[PDB]
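Below you will find one chain, with nothing else, as structure tokens; this is the form deposited without this ligand, and questions on how it binds or moves follow later.
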């Protein structure tokens, strides 16, 4: 692997790695309480034999620049972070894959950037949601204080998340956990759109998901394909991420 740096629109440095390969160029976008290490730890990276893989740390996570503000974590800023990565590698076609909120980011990049030929969203849908302000603030306070890492570790352990997803939380600065949570009030509630007719859009979730309806809504509205994995909840579906990677490799082949 090689390391790279690019700059987002607002000046924030975005750091990542490039894993060279002769196949399709794939850009991987992690979730909120995660960083770029989850791709190897989950087995997703190993499931792509040929792809040229670009994996970024989103702002405020991993080796990327600090933010520390709610508006700095708006969805539109994360989209700008990903588009900067597309610029550096100079291709006309990319395939994006995102986990949880990273899937929502990938779908929004697809809506606005004509270089995105494929976008896959793992355990996140594309529909408008209602985001209650009081619930957001309650979660931000929970995750940003001295007890915030223990709060998240206990939450994810009790919900059966894979060990890599439990452990990633303690690698995120408490202040960025709080700010990213508040950033949800700056545009993430709106639905995402199809960027162009030839794009391939894929949603993935647990067959047991308690709220499959918004996934079916994206099939209809966006012409997206829906993939299911054997799991009773979205958090437990993360145990199937390498399996999903094998099916992604089949599309890229």
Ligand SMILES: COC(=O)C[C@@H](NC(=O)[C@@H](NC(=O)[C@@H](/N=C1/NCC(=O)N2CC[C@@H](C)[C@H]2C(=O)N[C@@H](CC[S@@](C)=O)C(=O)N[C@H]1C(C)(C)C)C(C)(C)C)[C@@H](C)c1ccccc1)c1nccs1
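Residue numbers count along the first chain shown, from 1.
Stretches compared: 35-43, 204-212. Higher mean C-alpha B-factor in the entry: 204-212. Of the two segments, 192-200 and 222-230, the one listed with the higher mean B-factor is 192-200 (C-alpha atoms only). Between the residues 176, 81, 87, 137, it is 137 that shows the highest Cα B-factor in the PDB record. When the C-alpha B-factors of 67, 185, 53, 58 are read from the PDB record, the largest value belongs to 185. Split the chain's modelled residues into thirds by C-alpha temperature factor. Residue 235 is in the highest one.
Residue-level temperature factors show residue 104 in the lowest third of its chain, judged at the C-alpha atom. For residue 121, the recorded CA temperature factor ranks within the lowest third of the chain's modelled residues. The deposited CA B-factor of residue 248 belongs to the lowest third of values across its chain. Among the modelled residues of its chain, residue 168 has a C-alpha B-factor that falls in the lowest third according to the deposited record.
Another form, the form deposited with this ligand bound, is not on view; read the next lines as being about it.
For this chain, the superposed copy of this ligand, brought over from its placement in the deposited complex, stays clear of the backbone and C-beta atoms by more than 2.4 Å at every atom, so the pocket is open. No residue of the trio 54, 71 and 85 has any heavy atom within 4.5 Å of this ligand in the deposited complex. The stretch among 42-50, 29-37, 193-201, 217-225 whose residues place heavy atoms within 4.5 Å of this ligand in the deposited complex is 29-37. The contact residue chosen from 93, 159, 171, 76 relative to this ligand in the deposited complex is 159, the criterion being a non-hydrogen atom within 4.5 angstroms. In the deposited complex, this ligand sits within 4.5 Å of a heavy atom belonging to residue 139.
Within this chain, residue 123 lines the site of this ligand in the deposited complex, having a heavy atom no more than 4.5 Å away.
Although the partner is absent here, residue 132 is a contact residue: one of its heavy atoms lies within 4.5 angstroms of this ligand in the deposited complex. Residue 155 belongs to the set of residues with a heavy atom inside 4.5 Å of this ligand in the deposited complex. Contacts with this ligand in the deposited complex, taken as any heavy atom within 4.5 Å, map to no residue of 62-92.
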